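What follows is one structure encoded as structure tokens, with my remarks underneath.
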Amino acid sequence: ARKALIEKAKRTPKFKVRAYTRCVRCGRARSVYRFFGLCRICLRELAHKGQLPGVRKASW
Amino acid sequence: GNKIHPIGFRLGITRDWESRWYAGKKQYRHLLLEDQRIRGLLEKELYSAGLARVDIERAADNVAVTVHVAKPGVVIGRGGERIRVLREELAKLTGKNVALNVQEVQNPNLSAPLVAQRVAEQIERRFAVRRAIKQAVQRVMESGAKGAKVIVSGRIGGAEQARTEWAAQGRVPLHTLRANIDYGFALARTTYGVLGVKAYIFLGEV
Amino acid sequence: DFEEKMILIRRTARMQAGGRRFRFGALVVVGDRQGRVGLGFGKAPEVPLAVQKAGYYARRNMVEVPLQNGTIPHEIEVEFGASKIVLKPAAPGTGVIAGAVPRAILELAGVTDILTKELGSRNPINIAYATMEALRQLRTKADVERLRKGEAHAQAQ
RNA sequence: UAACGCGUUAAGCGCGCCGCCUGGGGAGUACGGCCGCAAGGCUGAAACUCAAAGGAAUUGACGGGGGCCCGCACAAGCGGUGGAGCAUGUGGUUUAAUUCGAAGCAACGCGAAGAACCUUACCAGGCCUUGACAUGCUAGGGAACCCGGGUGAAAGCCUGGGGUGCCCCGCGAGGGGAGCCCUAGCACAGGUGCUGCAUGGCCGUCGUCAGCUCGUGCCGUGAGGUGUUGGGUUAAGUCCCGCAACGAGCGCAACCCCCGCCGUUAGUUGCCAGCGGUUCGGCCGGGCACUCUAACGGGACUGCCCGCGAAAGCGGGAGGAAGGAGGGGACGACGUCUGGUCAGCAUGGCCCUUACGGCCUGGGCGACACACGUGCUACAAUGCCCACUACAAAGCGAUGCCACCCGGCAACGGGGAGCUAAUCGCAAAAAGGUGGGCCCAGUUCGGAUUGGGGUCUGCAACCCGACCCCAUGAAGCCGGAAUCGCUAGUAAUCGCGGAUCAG
Ligand SMILES: [Mg+2]
Ligand SMILES: [Mg+2]
Ligand SMILES: [Mg+2]
Ligand SMILES: [Mg+2]
Ligand SMILES: [Mg+2]
Ligand SMILES: [Mg+2]
Ligand SMILES: [Mg+2]
Ligand SMILES: [Mg+2]
Ligand SMILES: [Mg+2]
Ligand SMILES: [Mg+2]
Ligand SMILES: [Mg+2]
Ligand SMILES: [Mg+2]
Ligand SMILES: [Mg+2]
Ligand SMILES: [Mg+2]
Ligand SMILES: [Mg+2]
Ligand SMILES: [Mg+2]
Ligand SMILES: [Mg+2]
Ligand SMILES: [Mg+2]
Ligand SMILES: [Mg+2]
Ligand SMILES: [Mg+2]
Ligand SMILES: [Mg+2]
Ligand SMILES: [Mg+2]
Ligand SMILES: [Mg+2]
Ligand SMILES: [Mg+2]
Ligand SMILES: [Mg+2]
Ligand SMILES: [Mg+2]
Ligand SMILES: [Mg+2]
Ligand SMILES: [Mg+2]
Ligand SMILES: [Mg+2]
Ligand SMILES: [Mg+2]
Ligand SMILES: [Mg+2]
Ligand SMILES: [Mg+2]
Ligand SMILES: [Mg+2]
Ligand SMILES: [Mg+2]
Ligand SMILES: [Mg+2]
Ligand SMILES: [Mg+2]
Ligand SMILES: [Mg+2]
Ligand SMILES: [Mg+2]
Ligand SMILES: [Mg+2]
Ligand SMILES: [Mg+2]
Ligand SMILES: [Mg+2]
Ligand SMILES: [Mg+2]
Ligand SMILES: [Mg+2]
Ligand SMILES: [Mg+2]
Ligand SMILES: [Mg+2]
Ligand SMILES: [Mg+2]
Ligand SMILES: [Mg+2]
Ligand SMILES: [Mg+2]
Ligand SMILES: [Mg+2]
Ligand SMILES: [Mg+2]
Ligand SMILES: [Mg+2]
Ligand SMILES: [Mg+2]
Ligand SMILES: [Mg+2]
Ligand SMILES: [Mg+2]
Ligand SMILES: [Zn+2]
């Protein structure tokens, strides 16, 4: 999550295919969930805080 | 790598979410980020007023941000001015009809997120860390509470050797699901580095 | 409602797999500077807590020193374990000429003039106890006369 | 008495007399003297050097010490790994670069839930310097913004035109001002640069092991003990009896979720039991019985019987869908590992600032004499191939899933209905069943490797995508020393979905 690449992330690029997601929070490139625009770290964190609505902890 | 976030565990059983709305896969992504931009700002702009929770309820193009605050005047402002400024700056960053109301945390001694903070400040202001804690836990039990616990961790004092201080009274049953247990976390930022304060407050068996 | 003093504070270690584990000990005196003094040794895992404890104990272990004009009624020597205290009473304006521990105990007793030597082990705690035991033992041409005549006392007095 | 212990066999209370001690090592050594046939003995130093040497007792740790108990730990099994080929990760080596971390269990299909460019941190080359991003400041030029040319791999560099809005003073020419822009200069931004041994957070771990502790009382001069131990019981510091202990906190359990039986409420997009109509499709009427769906509830307590036991509890039986924690989940105590991570984020300190910052194009992460780790597919007849024929669940999808028609051996392409979804779709479930083929063979086993011809995604498949069809048809005939998993709907086996995702 170097600063430039978070910005580059947003720049609509020369080709449709250099489209890639980062975390709306940390900017992490790698484990980013479509649906939240968050990584699997941030997901975990915000989920526990209670700030992802209707997101319960599973158990079956 | 030990204990579970006491809230997310109790979540849905004895503790509620800070955002309550529905959204399909299409919309959710952004109403989320919109909440986080709100809670990003009100958190910066209201540290002076001691703020516990930022509730974000939602309709369609409607947002009911309930802000839960120790010193509710500081949020309001003299004349009624400060609140108007927020509501406009909110509805600016949101571009929707922000409905910001204010709610008086009547007792900051039973708000973990606040107890946490009050300690962190104290730690930043260079206060004695051990005392700071026993005296916080103190104040918490004095006000009804059934159990409480504070954990400062990091470079305590100047300290090359980063250790951990902690203290508790009553029952703080982290395994008991039906236990209403408030958790809060504060981060103290210091010349020597950064320390973390967790505060657990056991409030009542349901 | 007495004055308290700190004889000494120490830290001590247990053992568990994965570390020393500490505990604190406090030696506390409690006096009313007019002939009543008590000694308490309290241990707790935190230092001020130990002192609280110590202070509680002190008041339960109280000893009435028969002060005779700032000083003690006769000389006296008392052993406790390895440690041994000697208390020789002294004349006005002599001061408590006594070591670190005995002083605190003597001062709060209400003593002002007295001679002293520690002897044998110098260990605080035992010297503490030897002193308290010494004072626990003093008597008076009064206290004594009642013991000896006693068995027909009040024929001569 | 320092305690251990001693205690009329004193180590207690006293008197008499003798011998001896005065810090450890040097050292029972040196020197001298005495004795001795000898071996050697008795008597016995200092220089020097250390800051302790010591005694007893406490907690812990350890023992090729003892006792009792537990875990798929061994055993008893079933099936594998180690051999083969391939997929991935890693060691090494190589490289302009093969970015970086992870390193016994607790690194090695791990960070990576998606490396062609992007990602991307590495290398080469061409580029920018208040900067791709924040808040500003001093001086001048400008509305902001919009479109076109040159050069170029792109980035960048140079250049042409269109455009005059808003706020205040003025009759006006026009001056001032907000915002935004450019140029110069200053605060500064930027850094996946270092230190996880300066840290926060979060995690792995011993270990879901049954432990870890505190208040008061009590024992002891004290460190500390007691309680928590012992005997029985338990998955359990679970309970029972005992006891200088009586309680309490964190843990076990319980409160929460899923599965197994029944209830009440609920009848669509689900359901079809008797009935009416049928194009034979629950299709239509109609109905919610049943299935189900999903929200609240009931039900299990060693309650009942027999046997053993002071008790707790154990064995066995009955009723019951379920029986002694019914099966599975979530839930990780005080602490240990100077465990992991500054490359998620955050952060102290050190370091760079026309360079360690930033943009791009190309290359690399995919290299290959080799070695290990995890796995896939096999070595075949309890199999393989072809055809016909049954029975799932859980998910996913209106930028998508794509029914059905058409072309095509096929990947797929063209046309096109339903579905924001208990309706429409992905969707064929595969093992199984019936028929037929092969007949022990490197084979109708295996499907590596390579040649050739296509498809799709994508600006672009050389390095380096998947897929289809033709041809090729390697090793491999059940794996050495070693070694792994699993105790019931488990192992073994067979398919299905999803996250990331243009692929
Ligand atoms: Mg950063
Ligand atoms: Mg991509
Ligand atoms: Mg811990
Ligand atoms: Mg910590
Ligand atoms: Mg007296
Ligand atoms: Mg003696
Ligand atoms: Mg006198
Ligand atoms: Mg001495
Ligand atoms: Mg000394
Ligand atoms: Mg005798
Ligand atoms: Mg003797
Ligand atoms: Mg000597
Ligand atoms: Mg010497
Ligand atoms: Mg000798
Ligand atoms: Mg000899
Ligand atoms: Mg000898
Ligand atoms: Mg000689
Ligand atoms: Mg001779
Ligand atoms: Mg001799
Ligand atoms: Mg010893
Ligand atoms: Mg043993
Ligand atoms: Mg075995
Ligand atoms: Mg075997
Ligand atoms: Mg192999
Ligand atoms: Mg590497
Ligand atoms: Mg590093
Ligand atoms: Mg991959
Ligand atoms: Mg690349
Ligand atoms: Mg590049
Ligand atoms: Mg005008
Ligand atoms: Mg004008
Ligand atoms: Mg930085
Ligand atoms: Mg560490
Ligand atoms: Mg490391
Ligand atoms: Mg005592
Ligand atoms: Mg124990
Ligand atoms: Mg257990
Ligand atoms: Mg218990
Ligand atoms: Mg019919
Ligand atoms: Mg109908
Ligand atoms: Mg139920
Ligand atoms: Mg019974
Ligand atoms: Mg539990
Ligand atoms: Mg380390
Ligand atoms: Mg790689
Ligand atoms: Mg056809
Ligand atoms: Mg098609
Ligand atoms: Mg079949
Ligand atoms: Mg057959
Ligand atoms: Mg062969
Ligand atoms: Mg054969
Ligand atoms: Mg088992
Ligand atoms: Mg699959
Ligand atoms: Mg998919
Ligand atoms: Zn994130």
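Simple scheme: letters A, B, ... for chains in structure tokens order, numbers from 1 for residues in each chain, numbers from 1 for ligands in the order shown.
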
Give one line per residue of chain D that approaches ligand 34 to at most 8 Å, naming the two atoms of the closest pair and their distance in Å to one decimal, counting only C-alpha atoms (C1' of nucleotides) and all ligand atoms; sort by chain then ascending residue number and deliver it as CSV.
```
residue,atom,partner,partner_atom_place_in_ligand_line,distance
D:101,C1',ligand 34,1 (Mg),7.6
D:102,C1',ligand 34,1 (Mg),7.9
D:196,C1',ligand 34,1 (Mg),7.3
D:340,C1',ligand 34,1 (Mg),7.5
```

Test item: residues no farther than 10 Å from ligand 47, counting only C-alpha atoms (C1' of nucleotides) and all ligand atoms, as a VMD selection string: chain D and resid 402 412 to 414

How about saving the chosen residues, C-alpha atoms (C1' of nucleotides) kept, as a PDB file, in the first residue's frame?
```pdb
ATOM      1  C1'   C D 402     -27.648 -18.200 -20.272  1.00  0.00           C
ATOM      2  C1'   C D 412     -17.174 -22.197 -29.668  1.00  0.00           C
ATOM      3  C1'   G D 413     -19.911 -18.743 -32.721  1.00  0.00           C
ATOM      4  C1'   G D 414     -24.690 -16.406 -34.629  1.00  0.00           C
TER       5        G D 414
END
```

Exercise answer, chain D residues close to chain A, 6 Å and only C-alpha atoms (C1' of nucleotides), as a ChimeraX atom specification: /D:118,132,257-258,329-330,344-345

Residues near residue C:8, cut-off 8 Å, only C-alpha atoms (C1' of nucleotides), skip fewer than 5 positions along chain, as a VMD selection string: chain C and resid 26 to 28 124

For stretch 144-154 of chain C: contacts at 12 Å, only C-alpha atoms (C1' of nucleotides), fewer than 5 positions along chain excluded, given as a PyMOL selection string: chain C and resi 73-74+137-139

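Checking D:34, D:56, D:252, D:153 one by one against ligand 20, counting only C-alpha atoms (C1' of nucleotides) and all ligand atoms, you find the shortest gap at D:56.
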
Surroundings of ligand 49 up to 9 Å, based on only C-alpha atoms (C1' of nucleotides) and all ligand atoms, as a PyMOL selection string: chain D and resi 435-437

Contacts of residue B:64 at 7 Å (only C-alpha atoms (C1' of nucleotides); same-chain gap of 4+ positions) as a PyMOL selection string: chain B and resi 56-58+98-100

Protein and nucleic acid residues within 12 Å of ligand 41 (only C-alpha atoms (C1' of nucleotides) and all ligand atoms) as JSON, numbers by chain: {"D": [257, 258, 259, 260, 261, 262, 263, 294, 295, 296, 297, 298, 299]}

Print the selection's residues with C-alpha atoms (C1' of nucleotides) to a file, as a PDB file, in the first residue's frame.
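Result went into part-v1.pdb, see below:
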```pdb
ATOM      1  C1'   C D 257     -25.423 -21.584  16.354  1.00  0.00           C
ATOM      2  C1'   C D 258     -26.172 -26.366  13.043  1.00  0.00           C
ATOM      3  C1'   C D 259     -27.968 -31.708  12.795  1.00  0.00           C
ATOM      4  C1'   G D 260     -31.668 -35.761  14.985  1.00  0.00           C
ATOM      5  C1'   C D 261     -38.190 -36.196  17.083  1.00  0.00           C
ATOM      6  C1'   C D 262     -42.781 -33.625  17.795  1.00  0.00           C
ATOM      7  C1'   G D 263     -45.776 -28.620  18.425  1.00  0.00           C
ATOM      8  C1'   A D 294     -38.195 -20.568   8.689  1.00  0.00           C
ATOM      9  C1'   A D 295     -39.492 -17.877  12.884  1.00  0.00           C
ATOM     10  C1'   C D 296     -40.993 -19.031  17.914  1.00  0.00           C
ATOM     11  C1'   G D 297     -41.513 -23.245  21.232  1.00  0.00           C
ATOM     12  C1'   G D 298     -41.714 -28.274  23.776  1.00  0.00           C
ATOM     13  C1'   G D 299     -38.536 -32.403  24.819  1.00  0.00           C
TER      14        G D 299
END
```

12 Å contacts from chain D to chain B using only C-alpha atoms (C1' of nucleotides), as a PyMOL selection string: chain D and resi 197-205+207+214+248-257+330-335+338-340+346-349+397-399+420

Close residues, stretch 316-318 of chain D itself excluded, 12 Å, only C-alpha atoms (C1' of nucleotides), min 2 positions apart in chain, as a PyMOL selection string: chain D and resi 304-308+314+320+323

Prev. selection, C-alpha atoms (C1' of nucleotides), output as a PDB file, in the first residue's frame:
```pdb
ATOM      1  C1'   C D 304     -37.879 -44.617  36.369  1.00  0.00           C
ATOM      2  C1'   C D 305     -36.386 -50.158  37.497  1.00  0.00           C
ATOM      3  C1'   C D 306     -32.377 -53.787  39.006  1.00  0.00           C
ATOM      4  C1'   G D 307     -27.193 -54.469  40.848  1.00  0.00           C
ATOM      5  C1'   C D 308     -22.442 -52.189  43.303  1.00  0.00           C
ATOM      6  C1'   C D 314     -20.520 -46.648  37.721  1.00  0.00           C
ATOM      7  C1'   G D 320     -38.315 -42.715  24.136  1.00  0.00           C
ATOM      8  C1'   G D 323     -29.811 -41.759  27.375  1.00  0.00           C
TER       9        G D 323
END
```

Exercise: stretch 125-136 of chain C partners within 8 Å, only C-alpha atoms (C1' of nucleotides), chain neighbours under 5 positions left out, as a PyMOL selection string: (chain C and resi 27+38-39+63-65+76-85+87+101-102+105+118) or (chain D and resi 221)

Would you export the selected residues with C-alpha atoms (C1' of nucleotides) as a PDB file, in the first residue's frame, please?
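This is the output file out.pdb:
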```pdb
ATOM      1  CA  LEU C  27       7.333  -4.181  57.605  1.00  0.00           C
ATOM      2  CA  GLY C  38       2.437  -2.363  67.214  1.00  0.00           C
ATOM      3  CA  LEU C  39       4.325  -4.136  64.508  1.00  0.00           C
ATOM      4  CA  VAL C  63       2.241  -3.525  72.930  1.00  0.00           C
ATOM      5  CA  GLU C  64       1.941  -1.106  75.840  1.00  0.00           C
ATOM      6  CA  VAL C  65       5.398   0.180  76.646  1.00  0.00           C
ATOM      7  CA  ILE C  76      17.023  -5.326  79.049  1.00  0.00           C
ATOM      8  CA  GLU C  77      18.465  -7.682  76.503  1.00  0.00           C
ATOM      9  CA  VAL C  78      16.413 -10.051  74.335  1.00  0.00           C
ATOM     10  CA  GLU C  79      17.324 -12.657  71.741  1.00  0.00           C
ATOM     11  CA  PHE C  80      15.059 -13.677  68.863  1.00  0.00           C
ATOM     12  CA  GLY C  81      16.481 -16.342  66.628  1.00  0.00           C
ATOM     13  CA  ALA C  82      19.917 -15.255  65.532  1.00  0.00           C
ATOM     14  CA  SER C  83      19.250 -11.644  66.379  1.00  0.00           C
ATOM     15  CA  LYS C  84      19.581  -9.916  69.719  1.00  0.00           C
ATOM     16  CA  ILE C  85      18.683  -6.480  70.987  1.00  0.00           C
ATOM     17  CA  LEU C  87      17.984  -1.659  75.459  1.00  0.00           C
ATOM     18  CA  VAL C 101      14.917  -0.514  62.950  1.00  0.00           C
ATOM     19  CA  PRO C 102      14.684  -0.238  66.778  1.00  0.00           C
ATOM     20  CA  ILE C 105       9.735   1.156  66.954  1.00  0.00           C
ATOM     21  CA  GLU C 118      21.979  -4.811  67.832  1.00  0.00           C
TER      22      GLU C 118
ATOM     23  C1'   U D 221      11.848 -16.093  62.054  1.00  0.00           C
TER      24        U D 221
END
```
